[PDB]
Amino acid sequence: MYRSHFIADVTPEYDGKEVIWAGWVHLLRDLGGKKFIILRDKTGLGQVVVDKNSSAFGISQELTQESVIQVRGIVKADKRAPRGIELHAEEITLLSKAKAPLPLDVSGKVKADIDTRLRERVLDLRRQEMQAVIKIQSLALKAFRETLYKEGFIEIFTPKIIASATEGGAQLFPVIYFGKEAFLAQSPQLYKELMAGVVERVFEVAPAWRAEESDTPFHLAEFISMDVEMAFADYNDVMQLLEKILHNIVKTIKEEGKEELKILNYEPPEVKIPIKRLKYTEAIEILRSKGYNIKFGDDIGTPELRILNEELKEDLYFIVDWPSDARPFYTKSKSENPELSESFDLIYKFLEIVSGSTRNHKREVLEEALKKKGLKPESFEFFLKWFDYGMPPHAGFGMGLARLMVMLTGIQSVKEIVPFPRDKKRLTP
């Protein structure tokens, strides 16, 4: 196409050979009457030299950072040079010239806030660091599906535009839909249960949306959700599935993203099996005993997760068995105590990465649960009806991709992970 080799394809064993590189002008320096071009392509950064008496010298002088070029030259081994080589330019073609100067420095280090970078997001995304994020995410999805296929999970796609919400109180985006006010789904919840009720084992990785104005970290309005629903399984089963998933994920990043982690100065945690389980009951007591005003039944906020993290000597733990009263109507209660529920959160340090549970499967227990939350059963008929015709016991979870990315990169901002973030003040690009 526009090249014979990617930069990284060339080894010292290429000395004296003619190669064609293509890519971006990363840097441009002049030393000793020689022009040095650091070129960038998807494999990384090479070094090209244009000496005075080359025919490429003339055009090399008009080149600017982020212009796209083709360069044909002869490989020279060196060892003082990147990966032990450099390209001695003979011919350079200008494919696409960039305006100068740049509004954002692709090699300058992070200057300006998030919002200034989002005006020049492409230039920002081109930075080694962001490139590494984009790469790791892709590997993370591959490893996610791989584990699932091994367990015979079937990949699915459920409706994103829905008539009414599954959990009232959740704020959904209005969609004007052929004359009706419909909404954007917040999760595939009902549909994946349904599809579990037909082919048993299903996942979906896909967009979801939430309309709140919460300004805390990690609360984009649009977000990718990684969902799994498993028939003839309860919450302990799926927790063990996820363990294996997460393990294959970090293992893939560690082997296939060695270089990316290097650019990131980051080492994802070990996934020890089993992951520490801590009952919610016990979490409440650790908190109380350190002096926080927290009663059984209360939520466990970020501030609490910090102390929980600071106390467990574990970065990666499940919080299992929450109060039934704080979990959806579709979540199975504990048999030995109705006040508790067969649910879990997976926390990484102080961030929630996954939530799941064992679900209900009888219409009557579902209908009771709805009453126990003061909802009108007749208004969830769209959910209840399917359970008249043999819904099996099932269990599932949802993990947030970009939250999982924090565990895989070290980046502490979701707007730094998602290449085109959406929230209350952010719609473009």
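When you see a residue number, it is the position in the sequence shown, counting from 1.
Going by the B-factors listed in the PDB entry, is the mean over the C-alpha atoms higher for 241-249 or for 70-78?
Stretch with the greater average CA B-factor: 70-78.
Please work out which of 390-398 and 376-384 has the higher mean CA B-factor as recorded in the PDB entry.
Mean C-alpha B-factor is greater for 376-384.
When you compare the CA B-factors of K109, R126, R201, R359 as listed in the entry, which one comes out on top?
Going by the entry's C-alpha B-factors, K109 comes out highest.
Looking at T216, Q131, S355, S225, which has the highest CA B-factor as recorded?
Reading the PDB entry, the winner on C-alpha B-factor is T216.
Looking at the temperature factor on the CA atom of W24, which third of the chain's modelled residues does it land in?
Lowest third, going by the recorded CA B-factors of the chain.
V122's Cα B-factor: lowest, middle or highest third of the chain?
For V122, whose C-alpha B-factor we compare with every modelled residue in the chain, the answer is the lowest third.
Among all modelled residues of this chain, ranked by Cα B factor, put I300 in the bottom, middle or top third, i.e. lowest, middle or highest.
For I300, the deposited C-alpha B-factor lands in the highest third.
Chain thirds of CA B-factor: placement of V414:
Middle third - that is where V414 ends up once the chain's C-alpha B-factors are sorted.
Looking at the entry's B-factor column for C-alpha atoms only, identify whether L366 ranks in the lowest, middle or highest third of its chain.
It belongs to the middle third of the chain when residues are ordered by C-alpha B-factor.
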